[PDB]
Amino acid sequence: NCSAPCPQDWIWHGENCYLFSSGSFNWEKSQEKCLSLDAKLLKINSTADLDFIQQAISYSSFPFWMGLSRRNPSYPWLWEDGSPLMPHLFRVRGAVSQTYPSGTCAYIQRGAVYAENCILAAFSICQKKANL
């Protein structure tokens, strides 16, 4: 039967559905919440994804976890699906030389992307494919 591209409360953009979290949680809790909704943490494949996300953030100063992480600085930045961060999308600033017990994760804040201890709390964005 015919269905809506995205569920209620989500934002439909292009081929995907986006959900902004209602609160700040650590990266692992944020990951768990996207999985319970048959979604994953935000994955940026192009500058157009980053531009839509920043437009949707609507000038918020808060940090938002995305699905990019690494165990320590010897490992490359990977998305939850194991694929690497494609070059020329964004620079990862901040805590890029330290090793934290629960890993280092990326968040977006005021347009720029920062690396931080995964146990710290931030808002997050979930995404899943739209029904098209």
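The numbering used is simple: start at 1 and walk along the sequence shown. Take the two forms, superpose them, and find the largest set of C-alpha atoms that agree within 1.5 Å; that set is the rigid core.
- Taking the root mean square of CA deviations in 7 other deposited structures of this protein after fitting on the rigid core, 72-80 and 55-63 differ, and the farther of the two is 55-63.
- Set 87-95 against 51-59 and average the Cα temperature factors; 87-95 ends up higher.
- As listed in the deposited structure, the average C-alpha B-factor of 97-105 and of 63-71 is greater for 97-105.
- Split the chain's modelled residues into thirds by C-alpha temperature factor. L37 is in the highest one.
- Residue-level temperature factors show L120 in the highest third of its chain, judged at the C-alpha atom.
- For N131, the recorded CA B-factor ranks within the highest third of the chain. Only modelled residues enter the ranking.
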